[PDB]
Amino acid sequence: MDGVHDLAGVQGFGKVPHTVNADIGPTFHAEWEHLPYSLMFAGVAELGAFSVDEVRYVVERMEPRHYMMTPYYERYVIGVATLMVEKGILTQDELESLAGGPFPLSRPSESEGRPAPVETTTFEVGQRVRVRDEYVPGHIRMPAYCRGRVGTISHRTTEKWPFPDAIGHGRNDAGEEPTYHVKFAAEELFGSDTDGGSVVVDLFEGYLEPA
């Protein structure tokens, strides 16, 4: 999904709000902040109502201005609440009743997702690969900056996971794939307009093709 969450390479932001080794304060800065993650795990591990991938996607589905104005942990309160409503576990009415006011949720998905591709290639360390020049409206773990770009395999995972584009929509056809650490030259991604050296993106096999 080409949403505002795909931030890598966006220009115009100011300074990162940190200097090295500065105090970051407590883990949680408010008494509710542990709730989104803990309730995410209740949903995933206790209820089996959704996957972690579905949590990433429901946060991506926040209305774009809403996403941009909402602090991190609050996005996950909204996302988890949205999934609970979409899965028929809670209603928005009861959430708003208990909250004592408006509790707007993420927008509905505009894609049913896609299955893990049947045709993929097993790559080896040192091989040159291209990121498939594809556009996916639902969940995908490919940041746009690497779409259609060419890099070199530096690692093939020794484990396999469900394809995010499927499991992120709760589909039954996510299969399992290894991922690959693909190293790109900075200039391959941003031309002359970068000060870096290389960027390594951890890409599912189904996002890749021989170069």
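Numbers follow the displayed sequence, beginning with 1.
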| Do the C-alpha atoms of 35 to 43 or of 59 to 67 have the higher average B factor in the entry? | 35 to 43
| field | Entry-level comparison of average CA B-factors, 44 to 52 and 140 to 148, reporting the higher stretch | value | 44 to 52
| Looking at the C-alpha B-factor of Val118, is it in the lowest, middle or highest third of its chain? | highest
| remark: So, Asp165's CA B-factor, relative to its chain, sits in which third? The lowest
| Among the modelled residues of its chain, does the C-alpha B-factor of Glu205 lie in the lowest, middle or highest third? | middle
| query | Considering only modelled residues of the same chain, in which third does the CA B-factor of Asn21 rank: lowest, middle or highest? | reply | highest
| task | Would you mind ranking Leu105 by its C-alpha B-factor against the rest of the chain and naming the third, lowest, middle or highest? | result | lowest
